[PDB]
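Here are the chains, one letter per residue:
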Amino acid sequence: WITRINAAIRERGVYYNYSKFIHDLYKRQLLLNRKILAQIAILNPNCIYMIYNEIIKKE
Amino acid sequence: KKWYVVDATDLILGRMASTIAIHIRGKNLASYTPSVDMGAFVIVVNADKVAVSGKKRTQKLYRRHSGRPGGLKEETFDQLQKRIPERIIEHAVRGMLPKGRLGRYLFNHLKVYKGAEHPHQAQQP
RNA sequence: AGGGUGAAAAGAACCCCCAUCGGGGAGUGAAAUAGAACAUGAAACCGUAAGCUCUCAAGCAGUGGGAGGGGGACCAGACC
RNA sequence: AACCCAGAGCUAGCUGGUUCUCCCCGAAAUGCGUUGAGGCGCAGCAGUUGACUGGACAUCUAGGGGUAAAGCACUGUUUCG
RNA sequence: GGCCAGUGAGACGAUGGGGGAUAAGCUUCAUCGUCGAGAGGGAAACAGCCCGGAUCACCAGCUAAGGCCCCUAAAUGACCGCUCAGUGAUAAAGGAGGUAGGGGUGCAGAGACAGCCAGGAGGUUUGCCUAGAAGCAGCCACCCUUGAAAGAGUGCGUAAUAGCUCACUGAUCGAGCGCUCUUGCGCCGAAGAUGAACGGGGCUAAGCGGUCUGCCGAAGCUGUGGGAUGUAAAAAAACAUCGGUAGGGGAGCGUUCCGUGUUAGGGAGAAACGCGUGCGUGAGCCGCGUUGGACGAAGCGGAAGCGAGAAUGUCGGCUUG
RNA sequence: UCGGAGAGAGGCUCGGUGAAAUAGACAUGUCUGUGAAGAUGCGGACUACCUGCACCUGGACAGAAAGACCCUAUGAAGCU
RNA sequence: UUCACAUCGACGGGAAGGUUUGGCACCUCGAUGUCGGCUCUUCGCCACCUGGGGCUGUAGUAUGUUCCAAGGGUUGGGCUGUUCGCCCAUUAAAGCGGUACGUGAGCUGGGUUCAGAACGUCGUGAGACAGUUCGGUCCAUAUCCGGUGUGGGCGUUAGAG
RNA sequence: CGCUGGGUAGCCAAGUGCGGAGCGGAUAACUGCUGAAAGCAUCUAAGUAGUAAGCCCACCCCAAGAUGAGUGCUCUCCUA
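In its metadata, the entry names cryo-EM as the structure determination method and reports 9.4 Å as the resolution.

### So, helix α3 (residues 87-94) of chain B
Of the residues making up α3 of chain B, those classed as buried are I88, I89, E90 and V93 of chain B. On its buried side, α3 of chain B packs onto α1 (17-20), β2 (43-44) and α2 (77-80) of chain B.

### Observations regarding the packing of helix α2 (residues 18-28) of chain A against helix α3 (residues 50-58) of chain A
Residue and element names in this part refer to chain A. Interhelical geometry of α2 versus α3 gives an angle of 70° and a closest axis separation of 9 Å. In this view, α2 runs roughly perpendicular relative to α3, as classed from their interaxial angle. In the crossing of α2 with α3, the sense of the turn from one axis to the other is left-handed. Between α2 and α3, the contacting residues are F21, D24, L25 and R28 on the first element and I51, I55 and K58 on the second. Tallied by class, the residues present in the contact of α2 with α3 amount to 4 nonpolar, no polar and 3 charged.

### A closer look at the nonpolar core
One finds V44, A47, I88, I89, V93, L110 and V112 of chain B to be the most contacted residues of the largest nonpolar core, which totals 22 residues. Taken together, the elements giving at least two residues each to this core come down to α1, α2 and α3 of chain B. A total of 3 residues in this core trace back to one element, the largest contributor, which is α3 of chain B. Filtering out sequence-adjacent residues up to four positions away, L110 of chain B remains in contact with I20, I24, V42, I43, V44 and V93 of chain B. Core analysis: the next-biggest nonpolar cluster, separate from the first, contains 9 residues, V14, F21, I48 and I51 of chain A among them.

### Focus: the protein's contact with RNA strand G
In the vicinity of RNA strand G, the contacting residues are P69, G70 and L72 of chain B. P69 of chain B places a main-chain nitrogen or oxygen 2.7 Å from a phosphate oxygen of RNA strand G.

### Here's the deal with the pattern of salt bridges
Two side chains carrying opposite charge are able to pair once their charged atoms lie near each other. Residues and elements named next belong to chain B. Evaluation of the coordinates by the stated rule reveals 6 salt bridges over all chains. Here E74 and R63 are joined by a salt bridge, their closest N and O atoms 2.8 Å apart. Of this pair, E74 sits in the loop between β2 and α2 while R63 sits in the loop between β2 and α2; the two residues are 11 residues apart in sequence, bridging distant segments of the chain. What makes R63 partly exposed here is its relative accessible area of 45%. Put simply, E75 and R83 hold a salt bridge, and the shortest N to O gap is 2.7 Å. By relative accessible area, which is 37% here, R83 ends up partly exposed. Here the residues in one salt-bridge network are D48, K49 and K114, joined through shared partners.

Cut-offs applied
- Residues numbered from 1 in each chain as written, not as in the entry; some residues may be left out.
- Chains lettered and ligands numbered in written order.
- Part of a larger assembly, values for the part shown.
- Heavy atoms only, no water.
- Buried < 20%, exposed > 50% of the residue type's maximum accessible area, 1.4 Å probe, protein only.
- Helix = DSSP H or I, 4+ residues; strand = E, 2+ residues; numbered from the N terminus.
- Contact = heavy atoms within 4.5 Å.
- Axes fitted to C-alpha atoms, helices over the stretch in contact; angles between N-to-C directions.
- Parallel < 35°, antiparallel > 145°, perpendicular 65-115°, else oblique.
- Left-handed = near helix turned anticlockwise from the far one by under 90°.
- Nonpolar A, V, L, I, M, F, W, Y, C, P; charged D, E, K, R; others polar.
- Core = buried A, V, L, I, M, F, W, Y, C linked by side-chain atoms within 4.5 Å.
- Near = heavy atom within 4 Å.
- Polar contact = N/O pair within 3.5 Å; in protein donor to acceptor, adjacent residues only side chain to side chain.
- Salt bridge = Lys/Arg side-chain N within 4 Å of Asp/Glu carboxyl O.

Dropping the structure here:
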């Protein structure tokens, strides 16, 4: 799961870590989008693109 | 897949090998299959005038043995840039490639050549 | 060391190949994919045929994830 | 100082092996003796069964033995003046 | 207190002491923990070190130790500073203004230090010793004079002198210089055996030191379900235990035979092999196809010569070189 | 001391007959390090197409031999 | 001579390496054959000779010490079972050490803990003694790993020379 | 081969012939110049020049089975 996202992080913009990403949802209030639900990267990458703009707004 | 071109001149070497070994594997794309090969076919153009940032350029290491009684044939970094400057970046990314027989395929997807050129104008660089 | 084909042997004429060793048929019997090595006859071992994997890949090598391929599915539904 | 049979399947605190399954708890390799120390007996430690506000951690009160440290009047050593 | 045990040559790490050179995973005692009778995570690979100590399933989260460039998941994240050794990935006494930070002291435009120019005298050729030694083998003495300065005196040198240089002082240029103390990171001293005392690549940074945040990360923990043992209340809530050798204790399956059976199942048919991979905690059971040829046997109990892949086993058959 | 050549019986190839010591299982490379501390099978790394024949023959603490050496067990067998 | 360090260097000290002498005796007495010689080597280093250099109480020719470097090379005999060592005669010099003191699944097996026998010594004796002496059977057509060489196929892709 | 003697081809030797080199790139020890910090001085800290039989290369054999399986020349096949 971590590797799946890792390969998806080296393209967006948050070249930092996916940890801060998880931190965003944590500090936010999203108990969803788990390591297993990370399948949004491969298929329908349009949904995983939304959270990308929601993590920055929070932190 | 696609093909990308990168210039290796100011690069201090090594720091690039870890940034290129990810493209020839798909560690940057949707790599959802560690058992299957994928990624971009990024290749170096120069890799001959590549930097090093350090005094190791004249006393690095680079050792190999042919199993012969003598062997031990050791060479300094300064020699690599003198002879067969094409294996100065290859051998570098090789140790960065996972597995042994599978990761080898990812190695055949990277060319360095001399520099300022490349016989790959038919793959849309 | 070495047990019992079948109820009774009718335990195999004749025919074909071979050196008138051996076998296959024709017949007998409910059965010889029971016939003198013979009942039911597994395993170790030794082969043929079929599907898959198999030359740039190594370490008691299975296991977890897992593509493709030869078949079997359900009037998709993604499985054996 | 035999061959064969018989008591002797002699003896063998030696060594090796010791063939279905689940549940619960759980050792020791120390002491005291042993011509005894690769052996065991008793006790300690383990399991089972039948009786007992019996114990353990922590706080407080209430003593001694006197290591470390220090000292070194005394015992045994010790340089300068 | 009673029944059945097992085990008495254990090992290692930390700590406190005897033996040995306070040399050994060496040996002999005490104490704690681990291994030994519990995995796993981490130290590359090392049972005994560290974390945590496994009823089970689960493409479920959060953590410990250890880490976060790639190779195996995870910060070439932020701020300040040093090292620039690749030291960090072995190694001492000792040696060197390699170097950062803090404090203090001596000389110093009545002008110091480096450099340049010049002087560096006389008695004492000193005494003693010696073949000789007149700064300069050695011993003793080491005061005095003339001056701006010059010690009967450092190193070289001669058979003995001579000669050169130095201590000291003046002039010139001319500005701060030199030497210690406390403290951090480093250099040389480190050469031995088929190439590798960072896991590899690689690296001056993903080094180290100080501060802060997040994450990777164990059958740990949390969460849900299933199985097993034990305990009162009670609208309500369920807590906790389950690694395991030798051993102890508590429950069962299956095999041959017998009693209950010439009842019932079978020639519309045991046995040998497959399959349904359903079922039980498990060894297995049930049903069934094929082959095959005869009986076997449901349930409880009773009586057993009660199921071994190893005892250089035994018998027979069959591979390999 | 530098041995060479040649003639025979084997060795090599083919035809016929036709063994053994031994062996838990194999898809049983090297090296450094590590490991009850001189393993190919651990870890890292390097090297390396799959499979025979002939020969040389170090490794697998190879094979045969529960060693005749030492010690242990108040064993045994002879002798003085 | 003088002068401490050309060379050497007392009283003492700090380390490296590791082949000596020991301890340990951790893994092997259901065993891994001891030494030496012979045959054939491999690696490292504080290499003796050849080469490149500093100092030298180094004039030269020749030496002493130290640093880098081993690329290579590095002896025939008398006596003994001996490594070693001694001796005679050379070479530029005629090295050390590890590799279970290289090497017996190769030879040699001369020495030495197998049975015989004899002298000296010890015990009354049987015997014994890290004293000496004579004689005294140690096998094997090897699969694999690892080598010296040479083939059978296939893959490099249209098939071959 | 009974003994003994000589000898062609080939095979070997005490036979014959030849290479172990020089010349380069880059260095160890050391010798260097100019010139810093420590306005002197000093091999550098910054810039350069010499330097052994070591290393690389030069000579020789193998060598794209170095499957990152190259390069160059030439030849054969266009029936449904």
